[PDB]
Structures are given as structure tokens and as C-alpha cells.
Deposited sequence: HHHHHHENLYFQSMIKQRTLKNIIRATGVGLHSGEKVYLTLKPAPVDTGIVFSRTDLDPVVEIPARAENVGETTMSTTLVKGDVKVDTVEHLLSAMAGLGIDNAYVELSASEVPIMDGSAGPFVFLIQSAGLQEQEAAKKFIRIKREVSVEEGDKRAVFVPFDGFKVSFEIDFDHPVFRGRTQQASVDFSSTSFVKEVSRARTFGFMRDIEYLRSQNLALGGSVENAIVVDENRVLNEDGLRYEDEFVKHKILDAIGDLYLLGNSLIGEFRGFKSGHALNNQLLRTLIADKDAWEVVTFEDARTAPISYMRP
């Protein structure tokens, strides 16, 4: 009856381009043993460099969520971690032939499809959850990020863009399908920012194929938006990926108010440090647990 740890049944292979670097990258996801967690691996280097996807290894925060070990990095991990969090994958090796995870279509959709095509394997070990026991909030100017105790998993987000195209959403995975309602929400950029970003060697891989591109007054993508609230749904997708840097699925509520990688990482560090605010729990009977997972 216990909720078991999950890994991949079969390896996943993908080729793509880094959003910021524009570099061609080969991605391989491999099964991993019980209690490995998600571990990134730069296989272009000799020796190979491995970085656990944990809050302690987060470096750069500006462009995206970056993992760092000395002078080696793995850029833009948050969409793949969102896919792994959404499908309840505990243990996996992520091999990359370059510094940036491929952007694919700008959402978690392609990763979720490749993973669910390969299938998941339950492992003979209790899945560990981080349960929020006390409210933890971080603020910086007008931005806020909060964990609240909650017997389940739910995420609220609010952005405020002073832009004609542009803003609040709430998901509770007691009803919301991660796969149908969140995973397909794409990243977005303002056309006004692109020349500047290029000069700072950012958005080099950006195109209408992997991002909602916003001009003065309209989305420029011919086929438009996947969801009326795609922009804030993408912030929820990013938040789920950043939360998975705790290294286990959450039993609790997350609320974001104009937050991003930086303040989300400050929230994880504050939670981890306040051991009164959380505990590791397992469920020896799935029937009495406050969360459930799709068949593997």
C-alpha cells in the first residue's frame, strides 16, 4: 500500500538548443537507484561533472535557474525539473552534452511526453515528502514568496506586467491535471528586450518555436496562446521546477507575488534552514495519503 519512489523504465533521448546559449545540446535521461534524487551530468567534460539538482548547488538566478560546481554550470533546469516534479519522478540521471538544458517548445510538454512514452518504474522504497509545518515567507521590495501548511499540494501566482497584452492563477493538484493544465504553458519574452539581451549573449536560442514573443500590443506567434492565462501558468510551471530543488515532492501550499528564480531560491534556503517549519514524511498506505499519482 506504500507510496513508492519512481524512476524511468527506459532511457529518454532528446536533441535541442539552449534558450540563452543557442548551443545544440544532446539530453539523455537514465534510471537511477533509490534515494539518488535528480542529478545533472556534463558528459562533454572529462572527467564528467555531476551536480545534484538541490538548492545548495544553485548559482546564477537572473536568466533562469542555474546549477554550479566550481567553474562548471548547467543553465535553465526549471522546465525539466517541473516535468519531473509533475510526474512524481524521484531518481534520475540527466546527461547533457553542453551547459544548457534544451528549451524544446518553451514548456514542460515535450519532456512530459518523452518521459511518459518511456514509462516510469516504481522502486521498492517509500517516497519521501517535505511537509510544510509552519508558514515561511520571504519578501524583497514588492515581491513575496510564501510556503503555507496544507494537506495536499497547491500553487498560487500573481504577476503584474504594465503591458496591454497582460495575471493571477491557482492550481490544486487534487483537481488540476499538471499534464493538461500546466505542462504546456510556454516561456515568454518582450520583443523590446531582445536586441539588448543578445548583446549580453542571452536569448541567443530564442524563436517563435520555443517562446511566446510579445510586441508593443500583440503576441507575434501566428497560432497565439495555448491557455487564456498562459503567462501566469508558465510562472506556476517555473515555481514547481524551482520547488523541486528541495529534492522531494512537497506537502504544502506555495504563493508567489511577482516572484522569480532569485526569491524562490531565497524561500527554499529559508525553509531548509528553519527545521521547525518542515519534516520528511512517508505514506505506508496510499489510501490515507493527502496526494495521489497517476499509474506509472
| query | finding |
| --- | --- |
| Stretches with no C-alpha position, numbering per deposited sequence from 1 | 1 to 12, 179 to 182 |
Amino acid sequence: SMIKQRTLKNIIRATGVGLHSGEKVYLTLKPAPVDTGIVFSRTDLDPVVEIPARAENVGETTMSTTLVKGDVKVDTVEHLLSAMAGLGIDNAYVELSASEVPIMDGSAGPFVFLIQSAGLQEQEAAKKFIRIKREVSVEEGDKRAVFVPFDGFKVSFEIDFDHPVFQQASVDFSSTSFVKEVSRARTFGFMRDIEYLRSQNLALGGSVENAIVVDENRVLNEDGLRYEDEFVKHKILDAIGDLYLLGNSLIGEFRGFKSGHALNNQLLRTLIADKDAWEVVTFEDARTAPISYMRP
From here on, numbers count along this sequence of modelled residues.
{"query": "196 to 204 or 148 to 156, whichever carries the higher mean Cα B-factor", "finding": "196 to 204"}
{"query": "36 to 44 versus 235 to 243 - which carries the larger mean C-alpha B factor in the record", "finding": "36 to 44"}
{"query": "Per the PDB entry, maximal CA B factor within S99, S175, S107, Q123", "finding": "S175"}
{"query": "Residue selected from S249, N57, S259, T270 by maximal Cα B factor", "finding": "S259"}
{"query": "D75, C-alpha B-factor rank within chain (lowest, middle or highest third)", "finding": "middle"}
{"query": "Lowest, middle or highest third - CA B-factor, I291", "finding": "highest"}
{"query": "Ranked against its chain, the third holding the CA B-factor of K128", "finding": "middle"}
{"query": "Ranked against its chain, the third holding the CA B-factor of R226", "finding": "middle"}
{"query": "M2, C-alpha B-factor rank within chain (lowest, middle or highest third)", "finding": "highest"}
